[PDB]
Every structure is written in structure tokens, then in C-alpha cells.
Amino acid sequence: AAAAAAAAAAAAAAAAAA
Amino acid sequence: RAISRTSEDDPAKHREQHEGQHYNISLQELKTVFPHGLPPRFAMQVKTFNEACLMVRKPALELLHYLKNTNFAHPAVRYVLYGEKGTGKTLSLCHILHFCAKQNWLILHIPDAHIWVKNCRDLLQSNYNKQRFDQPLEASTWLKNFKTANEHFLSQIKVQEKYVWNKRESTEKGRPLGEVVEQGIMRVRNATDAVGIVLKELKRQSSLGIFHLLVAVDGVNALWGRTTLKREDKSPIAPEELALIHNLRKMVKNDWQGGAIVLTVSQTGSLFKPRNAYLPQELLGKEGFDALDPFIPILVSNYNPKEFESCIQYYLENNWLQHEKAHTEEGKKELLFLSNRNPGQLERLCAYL
Amino acid sequence: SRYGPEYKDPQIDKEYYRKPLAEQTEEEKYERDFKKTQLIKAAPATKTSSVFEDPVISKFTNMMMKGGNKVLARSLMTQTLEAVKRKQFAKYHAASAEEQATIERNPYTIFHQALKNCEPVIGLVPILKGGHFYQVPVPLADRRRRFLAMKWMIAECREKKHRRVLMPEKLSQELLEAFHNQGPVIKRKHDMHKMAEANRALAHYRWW
Amino acid sequence: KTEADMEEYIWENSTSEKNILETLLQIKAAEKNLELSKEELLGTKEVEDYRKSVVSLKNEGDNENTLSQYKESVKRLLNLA
Amino acid sequence: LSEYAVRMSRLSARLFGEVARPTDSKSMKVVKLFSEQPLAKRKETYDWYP
Amino acid sequence: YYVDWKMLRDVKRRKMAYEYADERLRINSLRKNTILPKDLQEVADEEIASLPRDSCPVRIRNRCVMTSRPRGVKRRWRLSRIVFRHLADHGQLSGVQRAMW
RNA sequence: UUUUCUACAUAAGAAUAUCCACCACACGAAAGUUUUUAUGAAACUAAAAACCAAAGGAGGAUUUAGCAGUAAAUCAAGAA
Ligand SMILES: Nc1nc2c(ncn2[C@@H]2O[C@H](COP(=O)(O)OP(=O)(O)OP(=O)(O)O)[C@@H](O)[C@H]2O)c(=O)[nH]1
Ligand SMILES: [Mg+2]
Ligand SMILES: [Mg+2]
Ligand SMILES: [Mg+2]
Ligand SMILES: [Mg+2]
Ligand SMILES: [Mg+2]
Ligand SMILES: [Mg+2]
């Protein structure tokens with residue numbers, strides 16, 4: 001049911017993850 | 001030289017320094033006090049000796065001493081007997097049971113709760129209770145033992161309700177409870193609803209000074225545990241789903257006055273519990289221990305040296321040890337070691353000896 | 001035979017080792033035992049120093065055992081001894097002082113006596129002579145006889161019981177019936193004895 | 001967050017809290033004391049020994065000394081000595 | 001089982017980079033198929049013979 | 001020369017099966033999935049059954065590499081049982097020995 | 001029946017071809033029928049359910065194995 005928003009991009013750029 | 005049966009028998013007047021002595025009980029006493037089950041091994045003991053002799057133990061003394069000072073004005077107090085397998089819990093429940101049948105109370109006894117949760121031939125469906133199942137056989141048997149249990153009080157009670165057994169049959173207020181009990185015995189079909197009705201009317205009428213209610217449920221963990229019995233869908237059913245359990249739960253809630261509930265948490269008959277778990281919160285689980293409220297956790301342990309020597313002497317007095325070398329000190333050291341002076345184990349070792 | 005022939009059997013008896021000082025030849029003998037630097041087989045799990053264990057009961061236990069179950073066979077033996085015990089305690093309290101002096105309540109002595117009564121005196125071996133097999137009366141060793149007793153007991157109380165009926169029940173029954181000599185086991189013993197008299201002439205064919 | 005999701009047993013909003021408050025409500029109704037408060041009941045030392053005993057029982061687990069704590073706290077609470 | 005537990009789990013998968021949304025037992029095979037080296041591609045297979 | 005015609009066949013099979021591995025995988029992705037609609041999956045079905053029959057891996061046999069024996073092979077050395085013994089018994093297989101215990 | 005089922009390590013509860021008037025029904029289904037699942041391009045292959053519950057009531061002549069951690073019974077792993 002519930003679809004929660006996880007930001008891949010924010011934590012990505014921040015931790016050198018993208 | 002040791003003392004065994006030499007205690008003078010007064011279930012109420014039992015003295016702390018009379019520890020480890022066997023008081024005697026009659027046979028008609030056995031028929032009136034225990035119409036319900038007595039532990040099979042001990043039943044064998046009695047039938048074999050023709051004498052029912054029972055040893056006084058420290059937890060039994062303690063729990064009787066908490067039943068002397070009972071203030072019936074206060075809400076019902078919950079006691080719990082716990083211990084390792086074969087340590088004498090049910091005989092310590094029986095000590096109480098017959099002492100309180102001698103003070104003339106209303107005795108409500110369930111020999112094993114587990115029997116209601118497991119191995120049921122007939123499982124009946126009832127929507128009267130909103131999707132609940134009933135056990136005609138078990139209910140009938142319990143009622144038939146309850147009838148012989150207390151006769152005096154079954155005439156004295158006046159039931160106040162309008163009760164419907166069938167569209168063609170009913171019982172209306174002002175009836176002695178014996179009539180309800182036997183009305184449920186005769187008709188096996190509704191016997192469960194009869195047990196539940198007996199119970200809730202017992203709890204209602206327990207506020208008066210006419211009722212002193214000792215409720216003994218052995219293996220209480222069978223109430224909040226997991227159930228083996230199944231629907232035709234093969235899907236397992238909760239213990240909630242059972243009429244007998246649902247009603248026997250209400251009897252432990254301590255909502256009422258004048259009564260006392262003495263409980264025993266069990267292993268030997270259990271379901272889904274490991275064999276080495278004797279501890280109350282493990283057997284009862286989260287549901288059990290949380291819904292069991294503040295209670296008194298009485299520990300039941302193995303024979304100490306004196307208890308042990310007294311039991312051995314009691315067996316020698318009945319000449320139940322038939323081994324030539326069992327009269328030596330050697331034999332005692334060996335029985336002590338092999339049994340670890342555990343009562344059930346000692347009985348097993350002396351049975352074939 | 002993970003033991004070389006060098007290894008002697010152990011003597012488990014405690015009484016033997018506890019009270020040595022009164023016997024010369026035996027002092028010399030077990031002196032020669034240990035001082036010979038003699039190797040000893042490790043005492044078996046079955047056998048104990050227990051004051052309570054009867055080697056005959058243990059043998060019987062074993063002959064009852066199917067598969068690898070000691071636990072189950074020791075169960076059935078234990079239960080049978082208890083059952084004989086309680087059957088005689090039943091027969092004791094429904095009796096009168098005379099019969100209370102007579103009746104035996106030790107299940108061990110009952111077991112033993114019931115086996116002694118059931119053991120055959122004489123036996124039969126087939127012997128081939130002139131292309132025919134004659135059955136011939138043969139004297140038996142002690143061990144062979146005890147064996148025949150125990151095996152006959154167990155064979156009967158396995159075979160002839162009704163399937164509803166448990167083993168310690170039927171076995172306690174037959175133990176008590178063989179105590180008093182009226183058991184079917186004893187009838188078997190007699191069939192042997194009678195077959196051995198019928199053939200007594202043929203006792204000449206035996207060359208040993 | 002569900003209470004069944006918890007790694008610890010917190011005394012606040014418990015079931016044992018409601019069972020105790022009902023037990024003491026009925027004890028006050030029996031003794032004919034008309035004094036009724038949650039602050040008064042739960043503020044006592046007894047219910048505090050019950051906090052400690054039941055939190056040590058649920059978190060630490062079944063034990064000899066922990067059931068001795070239960071023994072003592074429920075002894076004091078129910079007036080039996 | 002709660003909603004809290006499920007939210008937590010969803011977060012765990014999303015974080016560690018495992019499958020986010022709930023899938024069948026039958027569909028997970030797909031992931032397996034791309035997680036691995038397809039059988040005919042292993043050096044033990046195409047390079048078997050000298 | 002591979003020792004036998006059969007071995008030749010097998011070499012070819014392993015080559016083709018190497019070549020089409022990507023196609024086969026990509027398609028059997030669709031095929032093995034519950035999430036996609038059946039209408040895609042039937043077309044994808046004919047798609048993978050279109051592929052050359054010698055490209056599918058189940059048609060491969062692990063054969064003895066020297067002697068071409070189809071079975072009695074030990075996977076680790078890719079050797080027939082017979083050839084394996086023949087090498088080991090002259091002690092040309094390092095760390096292999098007869099077993100006593 | 002030294003059995004079958006469930007819990008569970010080895011002290012439990014129940015079942016128990018027969019009850020009785022009447023079915024129903026014990027042990028035995030590894031076999032078949034249906035539906036699923038695994039592997040695979042391909043299911044005829046293996047596995048799990050539900051239904052079904054048959055012959056078998058300890059075996060003629062004749063025969064095999066075993067000398068101790070063996071026979072017997074039970075559990076697990078591997079090779080391809
Ligand atoms: N005379 C006498 N015998 C006792 C006493 N307690 C235990 N025994 C003996 O030991 C056996 C133990 O019986 P139980 O009371 O059922 O023991 P238990 O703790 O209920 O055992 P489980 O039901 O397995 O948990 C009895 O059958 C008696 O033979 C006692 O208080 N007096
Ligand atoms: Mg008990
Ligand atoms: Mg060639
Ligand atoms: Mg192949
Ligand atoms: Mg069947
Ligand atoms: Mg089977
Ligand atoms: Mg497929």
C-alpha cells in the first residue's frame with residue numbers, strides 16, 4: 001500500500017554516492 | 001528411627017515442625033474432595049497401599065499460611081506454583097484443595113487445563129458466543145465431577161437470570177444451581193454453555209458471604225498458550241476461540257471478592273514449550289504473564305535430606321521396597337543419587353525396585 | 001577385538017576388593033593379577049557397581065530389545081517388574097493372614113523362580129544317520145537352558161497376546177503363571193520332555 | 001511505533017500499570033477509603049518497587065532474585081506479610 | 001508484525017540496495033538471473049576443452 | 001582434431017551457447033517474471049524458442065577432455081575416471097594419493 | 001501394540017481393524033487422480049499439497065548376511 005519517498009540523490013551527492 | 005506417618009492429621013493445624021510427615025486421608029474423603037483427577041501415579045500409590053498418605057511440604061505450608069490470613073473483602077488473590085518436572089506441584093495443589101474442602105468452601109478444580117486445548121474428538125461450532133468452539137465431552141466430564149464435588153452448596157445457591165437452553169426448554173431465576181449442573185450433564189449438546197453459565201454465575205454470586213470460592217487451575221499456561229486443535233480447513237484455532245477457555249479466563253481476572261485462585265504452571269502436559277522450561281514467564285509467555293497481574297510466585301523444589309529420609313521410611317513401612325539390599329545405607333545413597341532426591345523420579349525408581 | 005588377547009575382563013565386585021585380608025590364595029591371585037602388569041578391558045556401560053542390578057534381569061532386558069532401543073526395553077522390563085509387584089500387592093490385601101504369610105511380594109524372586117521352573121532338563125538335537133534325520137535326546141549345558149527359558153518367555157509374550165494388550169501386562173501375567181507352574185511356557189517345556197521320552201531309544205545314536 | 005515493537009519494557013502505559021491501578025482501586029473500595037488519585041496511588045513507594053521489579057523481570061528475564069523482587073513488591077502491595 | 005516494522009524493512013532494503021518493493025517468490029528469480037554469471041558464460045564452460 | 005566427432009559437436013555447442021547467452025538471458029528475464037502481462041510473455045516465449053536449438057545450455061555435455069568419455073568424469077580435472085586413475089597412479093597428479101584409513 | 005498421531009528428546013495426551021443396532025473406522029498409498037511448485041527453449045522428470053485409501057494379518061521348497069561398537073535400527077553429507 002504505502003509508498004514512502006527515499007531520496008537516492010541527496011544522500012548520494014552528500015556521501016560521494018552518485 | 002525416622003518419623004513418617006506419625007503426624008496427627010489436621011490440614012488446618014499442620015505445624016512448621018511437623019515438616020515431612022505423612023498425614024492420612026479417608027477413601028470417602030478421596031471421593032468427596034477429589035472427584036476430579038488425582039495425579040495417576042499417586043492414584044496408583046493409593047490403590048496399591050489402600051492408604052492415601054500425603055507428606056507435608058514447605059511450599060504447601062506457606063501457601064496454606066497465606067490462606068489462613070486471607071481477607072475476603074480484598075479482591076481475589078492469585079497464587080502460582082512453579083518448579084522442575086516431577087517435583088510435586090499437583091500434590092501441593094491437592095493439599096490446599098482438601099484443606100479447603102474441610103473448611104467447607106466451594107471447590108472448583110481443573111485437573112489439567114491442557115486436556116481442553118489438545119486431543120479433542122468432537123469440536124462443535126457455536127455462534128451464540130460469536131464464533132466460539134465447544135468441547136461437549138470434556139465439559140460433561142467436568143460437570144459430572146463437579147456434581148459430586150460439592151453437593152451442599154448446589155441446593156443452597158439461587159441462580160438469578162433468565163436462561164435459554166433451547167427454543168423448547170429454559171430455566172428461570174430462583175433455581176438451585178444443582179438443577180443447572182444436572183441440566184447440563186443430561187444434555188451433552190449444551191454442556192459447555194452450562195459450564196460457562198455455572199462459572200459466571202459463580203463469580204456474580206461470589207460477592208455474598210454465602211460463597212468462599214477456591215479456584216484451582218492446574219497448568220494455567222494452557223489458557224494463553226498455542227492450541228493444537230484444528231478446523232476442517234486445517235487452520236489452527238486460538239485458545240480464545242474455545243468457549244471453555246474463554247470462560248475459564250474470566251475466572252482468573254481477580255475482579256471478584258471472597259475467592260482465591262491457586263494456579264500451577266506446568267510442563268508435562270504443555271504445547272510448543274521445550275522440556276527444560278520450568279519458569280513461569282517462559283511457560284506463560286507475554287500474554288500469560290502480562291494478563292496474569294501481580295501474583296505470588298511460589299517455588300516448588302526437591303526433597304531435602306529430612307523429607308527424603310521420611311519418604312524412604314514411609315516406603316519401608318509399607319514394605320514397598322522389595323529389594324533385599326534396599327534396607328542398607330548403601331541402597332539409600334544409591335536411590336538418592338539416581339533420583340537426585342526428586343519426588344517423581346524417586347517414585348519411578350522405587351516402583352520397579 | 002579392539003582388545004588384544006592380552007586384555008583381561010574387569011572384576012566389578014566391590015566386596016572383593018574391600019575385604020582382602022582373610023584369604024591367602026586370592027591375595028596371591030589378584031597380586032598376580034595387577035602385578036603381572038596386566039591390561040584390563042574398560043568396564044562396559046551396561047554393567048555397574050550398583051547394589052541394585054540383577055545380571056539375569058539385564059540379560060532378559062537385552063533379549064527383549066529390538067533394534068537399538070535399550071531405553072524402550074529397559075522401560076518394558078521396569079514396567080513389568082512394577083506390574084508383577086502391584087499384582088501381588090493386589091493379591092495380598094484381598095487375602096487372609098495365612099495367605100499373607102504365604103504370598104511372595106518380591107518381584108525379583110518371582111522372576112528368578114519362574115525362570116528356574118521353566119528351564120528344560122533335557123533337549124533334542126537332529127542327527128543324520130542312514131539318510132534319515134532322527135531327533136535325539138541331548139543333555140544341555142546350564143547356559144543353554146537359561147537361554148531356552150528366557151527365549152521361550154519372550155517368544156510367547158510377544159506372539160500370543162491380543163494386539164490391544166501391552167507387553168508388561170502379558171509378561172507379568174506369564175511370570176506369575178510360570179511361578180505356579182501352570183503357564184503355557186511350562187507346557188512347552190513338557191512337550192520337549194515328552195518328545196524326549198518318546199525318542200529315548202534313539203539316545204544311542206548320540207556319540208558324545 | 002507499536003509497543004510490541006519495543007526492545008525494552010517501559011513502565012508507562014503498560015498493562016501491569018492498569019492491573020495495578022484496578023487492584024488498588026478495588027483495595028481502596030474495600031478498605032472504605034474514599035481517596036482516589038493516580039498521582040497518589042502511583043506516587044507511593046510500593047508501586048515504585050513494582051516498577052523496579054517488573055522492569056527487572058521483563059528486561060533481565062526470569063531469575064531467582066528477580067522473582068524474589070516480585071515476591072517482595074507484590075507482598076507489600078497486597079498487604080500480605 | 002507492525003507498520004513500523006515494515007517501514008523499517010523498506011528502509012533497510014532501499015539502503016543496502018536490495019529489492020525495494022514487495023515481490024513474488026516467482027519474480028525474484030529475475031534478480032537472481034542478473035546477479036549471477038549465466039551458465040554458458042563461465043570459463044569452466046566455454047573454455048572447458050583445450 | 002578433437003578426439004571424436006562427438007567432441008566436435010560439443011565444442012560447437014559450447015561456442016553457440018556462449019554467443020547467445022546474452023539474448024537468452026535477456027528474454028528469459030521476461031519469461032520468468034510474474035509482474036509483466038502474459039501477452040508479452042507469449043511473444044517472448046516464441047522469441048526464445050526461435051533461437052538456434054544448439055544455443056541452449058542443457059544440450060551441453062561435460063566430456064572427458066583427453067579421451068572424450070561422456071560419463072565417469074570427475075568435474076575437477078575434467079578427466080575420465082580411467083584417464084584420471086592412469087595419471088594419478090604414475091603420480092603425475094600433485095597431492096593425489098591412494099587412500100588408506 | 002517394542003505400535004499410530006501431536007507436543008516434545010526418552011515420566012505426556014489421544015488413537016488403537018473392533019465397538020455395537022447403524023454406519024463410520026485401526027495399521028498400510030511408497031501406487032493412482034486433481035491442483036500447484038522447482039529445473040529447463042521444451043516436462044514426459046523430480047518435489048509438496050488435497051482426494052483416495054488397495055493388496056498385506058509375518059510368508060512353501062529353498063535361501064543371504066553378521067564375531068562387537070559388529071548385526072540391527074536411526075540420522076546426515078557427498079559424487080555426477
Ligand atoms: N507423599 C507425597 N508424595 C509426593 C509429594 N510431592 C510429590 N510426591 C511424589 O512425587 C510424584 C510427583 O507428583 P506431582 O505432584 O504430579 O509432581 P509435578 O510437579 O506435578 O510433576 P509434573 O506434572 O510433571 O509437572 C507424586 O506422584 C508422588 O509420588 C508430596 O507432597 N507428598
Ligand atoms: Mg503435575
Ligand atoms: Mg575413435
Ligand atoms: Mg546434461
Ligand atoms: Mg488410515
Ligand atoms: Mg508410516
Ligand atoms: Mg516453466
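Residues numbered from 1 in each chain as written, not as in the entry; some residues may be left out. Chains lettered and ligands numbered in written order. Part of a larger assembly, values for the part shown. Heavy atoms only, no water.

(A) Spotlight on the interface of chain D and chain B. Contacts between the two partners involve 26 residues from chain D, matched on the other side by 25 residues from chain B. Taken together, the two surfaces of chain D and chain B that pack against each other cover about 2,200 Å², and 58% of this comes from carbon and sulfur. Sorting the residues of chain D by area buried against chain B places D:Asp62, D:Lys71 and D:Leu80 first, and these three jointly supply 27% of that buried surface. The interface formed by chain D and chain B holds 2 salt bridges in total. Residue B:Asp290 pairs with D:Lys58 through a salt bridge whose shortest N-O separation is 3.3 Å. Within the residue set of the side of chain D that touches chain B, elements represented by two or more residues are helix 1 (15-30), helix 3 (45-60) and helix 4 (64-77) of chain D. No other element matches the 9 residues that helix 1 of chain D contributes to the side of chain D that touches chain B. (Contact = heavy atoms within 4.5 Å. Buried area = accessible area lost by both parts, 1.4 Å probe. Salt bridge = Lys/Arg side-chain N within 4 Å of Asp/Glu carboxyl O. Helix = DSSP H or I, 4+ residues; strand = E, 2+ residues; numbered from the N terminus.)

(B) Structural context of the site of ligand 1. Residues and elements named next belong to chain B. Taken together, 19 residues lie near ligand 1, and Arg57, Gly86, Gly88, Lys89 and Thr268 sit nearest. Separating an oxygen atom of ligand 1 from a backbone N or O atom of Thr87 is a distance of 3.2 Å. A distance of 3.2 Å separates an oxygen atom of ligand 1 from a polar backbone atom of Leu91. When the free accessible area of ligand 1 is taken as 640 Å², the share hidden by the protein chains comes to 89%. Among the secondary structure elements, those contributing two or more residues to the shell around ligand 1 are helix 2 (40-49), strand 2 (52-55), helix 4 (89-102) and helix 15 (343-351). (Near = heavy atom within 4 Å. Polar contact = N/O pair within 3.5 Å; in protein donor to acceptor, adjacent residues only side chain to side chain. Areas by Shrake-Rupley, 256 points an atom, 1.4 Å probe, with all protein chains shown as cover.)

(C) How the structure looks around the interface of chain B and chain C. At the junction of the two partners, chain B supplies 22 residues and chain C supplies 17 residues. Interface area, chain B with chain C, both sides summed: about 1,800 Å², of which 55% is carbon and sulfur. When the shortest N-O distance is used, the salt bridge between C:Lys14 and B:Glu330 registers 3.3 Å. Taken together, chain B and chain C are joined by 6 residue pairs in polar contact. Secondary structure elements with two or more residues in the side of chain B that touches chain C: helix 2, helix 14 (329-339) and helix 15 of chain B. With 5 residues, helix 2 of chain B is the single largest residue contributor to the side of chain B that touches chain C. A per-class count over the side of chain B that touches chain C returns 10 nonpolar, 8 polar and 4 charged. (Nonpolar A, V, L, I, M, F, W, Y, C, P; charged D, E, K, R; others polar.)

(D) Structural view of the protein's contact with RNA strand G. In the vicinity of RNA strand G, 49 residues are found, and the nearest of them are B:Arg121, C:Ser1, C:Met64, C:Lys161 and F:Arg31. For RNA strand G, the backbone makes up 64% of the atoms found within 4 Å of the protein, where backbone means sugar plus phosphate. A distance of 2.7 Å separates a sugar or linking oxygen of RNA strand G from a polar side-chain atom of B:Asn119. Side-chain polar atom of C:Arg158 to a base oxygen of RNA strand G: 3.0 Å apart, as the coordinates give it. Counting residues per element, the ones that place at least two in the surface near RNA strand G are helix 15 of chain B, helix 4 (70-93) of chain C together with helix 2 (21-31) and strand 1 (73-74) of chain F. Of the residues that constitute the surface near RNA strand G, the class distribution is 15 nonpolar, 13 polar and 21 charged.

(E) Inspection of the packing of aromatic side chains at higher detail. Under the counting rule described, the total for this entry stands at 22 aromatic pairs over all chains. Centroid distance B:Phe49 to B:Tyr314: 6.1 Å. Interplanar angle 70°. Geometry classified as edge-to-face. Taken together, the residues B:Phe49 in helix 2 and B:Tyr314 in helix 13 (residues 305-317) connect sequence positions 265 residues apart. The interplanar angle of 70° and the centroid separation of 5.9 Å between the aromatic rings of C:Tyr16 and C:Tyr30 together place this pair among those described as edge-to-face. Here the residue C:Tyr16 occupies a position in helix 1 (residues 14-18), and C:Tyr30 occupies one in helix 2 (residues 24-35), the gap between them amounting to 14 residues. Cluster of aromatic residues (ring-pair linked, three or more members): B:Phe49, B:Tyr314, B:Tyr315, B:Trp320 and C:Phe89. Over the ring of C:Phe89 we find C:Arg105; its NZ or CZ atom is 4.6 Å from the centre of that ring. A cation over an aromatic ring shows up here: C:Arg105 above the ring of C:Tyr92, its NZ or CZ 3.7 Å from the ring centre. (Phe/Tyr/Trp six-rings, centres within 6.5 Å; stacked < 30°, edge-to-face > 60°. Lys NZ or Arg CZ within 6 Å of the ring centre and 35° of its normal.)

Note that every value here comes from positions in space, so none of it alone points to a role or purpose.
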